[PDB]
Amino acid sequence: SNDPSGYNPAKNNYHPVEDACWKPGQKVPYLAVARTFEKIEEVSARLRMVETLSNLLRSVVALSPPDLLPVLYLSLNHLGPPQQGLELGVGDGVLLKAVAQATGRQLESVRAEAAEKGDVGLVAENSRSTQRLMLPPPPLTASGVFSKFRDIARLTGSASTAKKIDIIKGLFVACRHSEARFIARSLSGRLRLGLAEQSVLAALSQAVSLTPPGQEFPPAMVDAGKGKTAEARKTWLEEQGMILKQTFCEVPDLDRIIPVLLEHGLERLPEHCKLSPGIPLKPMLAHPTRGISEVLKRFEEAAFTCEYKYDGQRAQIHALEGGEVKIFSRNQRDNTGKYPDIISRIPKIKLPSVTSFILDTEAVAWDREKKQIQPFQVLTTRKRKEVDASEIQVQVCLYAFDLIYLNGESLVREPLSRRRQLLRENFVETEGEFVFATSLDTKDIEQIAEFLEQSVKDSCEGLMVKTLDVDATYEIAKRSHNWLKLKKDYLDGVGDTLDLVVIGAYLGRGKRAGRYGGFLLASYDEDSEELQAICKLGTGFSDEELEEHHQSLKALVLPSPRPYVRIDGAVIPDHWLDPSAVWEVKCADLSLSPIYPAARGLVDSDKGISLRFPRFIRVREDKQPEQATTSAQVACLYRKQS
């Protein structure tokens, strides 16, 4: 209809035709998407966000079906299917430079304003573009903006950054109302709607259920739920939602799903898009569990297995009928070129009767000389793409723990008891190359506890716990976190805690805007009587605790750092703090840092020590900096990881 600026997709009794802000066949205006983001961000109830997005999507289906795919990608802040590897190459650095040039302001003024407001979108929105003529360019369209994002991502090579900035400046010149806010957030990778993949899928299945695609215009059926009771409508939308969710979890690729959805409908979708080797799928995840008693409470009387939780990276290995092999990451990225050693070993791990499979494994760095597992840090030094087999320096051992597909059979609906038996019988172990995850089938608390201790002694993070027959399938759509993860450092009073000094604070972004979002911490070097930065910290405190931190550190702000505080290459804090507050901090491991100075020279000549997965536990009101954990104590903790 008329004037996107007034578009209200949160409206009660939203009518997909009469309440749209564009006419049939027209391109969806980007302002329509921006206004939808505004109405989503204004509320906290996830179900209300879904309804609002569904309203937009229903208008897109009814009026401009070719724009459904770009509108969906804009709402997820994706560029396309993950296995295609498109990357903007734009962070806050490029973005802030483009905003400075677009608005004619100094880069430093823009950087300072972004940090104080905690959002680059607000800076871009509230400053005019000095490249704008008297008469604006035509309004942005959803598909136009999406295509420009893709243009940015495809620019490569020398002088490519300047070309990316030119595209961004062009977008800002054409923005109206709130559009610049969401372009900027999207480019920075921080859309921060409160609505993401699961809510987008729920909105999509609701939208195509209520307003079916493919109708002759004007659509005879704009609300297919209106003839049902509230109860019947809810059950129906839940069923339709699960059809979409389960297909997506097997084929998480909107380029494949959306054309089928528009042509054949949601009910026929599983017939056209099915799990198959060569198409990455969503992996099964794990829920953190803070004790053995919590495990037994979660699984009740269902038999379960405990497995070592190996410290590497996930590798989803696909063997296609015909011999081709592909390897994908946890997030559906193509890692095939990264593992020529693994690909060459596939004939060695599968019996000759296996014609196709999808394996779920952990790739762990392996020292062939000493025949033992190596830390994650070592694994991350492998090259990432177009790697040749002879050039591999860090060997990998695969620890296999699941089987999702075998000889043409999808196993997603099969219980782990059967998947595991098929894994054990059709694949071959080779020490230090391909091994089944160490496992224990028991319900005895004393055995589980001992097994947890042994997993740590054997260079693992803890245990994974999985039911064998009750709710034991690989249906991510039913429950994405169907497994449990049990780590020692989850236990209170157990694991490595340090008492560290707060030496700086960083202004918060997003949910943390208007206060501190992070802090710089330091250990005390006895030998030089200096405080050495050891890590940053940004999780572990409640919202109330964070407000107390803000009020207790405000009096410690210094304009300039103390000469006995050393941070070297760490990110300079927005506010320096007089060393006084001491906090108890927990971590999973200690790592060798190329940047932090803490304990430098005590374990390595060039590298200090930092914390893996640090989190705030509590303030140490009874400690001053002189009694904080020493750099020598940090080195001793690092060494005993062996």
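Just count from 1 along the sequence shown to find any residue number.
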Compare the mean C-alpha B-factor of 254-262 with that of 366-374 as given in the PDB entry, and name the stretch with the higher value. 366-374
Mean Cα B-factor check, 549-557 vs 271-279, entry values; winner is 549-557
Based on the PDB record, which member of 296, 343, 167, 484 exhibits the highest Cα temperature factor? 296
Maximum C-alpha temperature factor, selected from 387, 503, 379, 567: 387
Position of residue 571 among the chain's modelled residues by C-alpha B-factor, lowest, middle or highest third: highest
Third of chain Cα B-factors occupied by residue 337: middle
Give the position of residue 324 by CA B-factor within its chain, expressed as the lowest, middle or highest third. middle
Chain thirds of CA B-factor: placement of residue 172: middle
Quick one: classify residue 623 as lowest, middle or highest third of the chain based on its Cα B-factor. highest
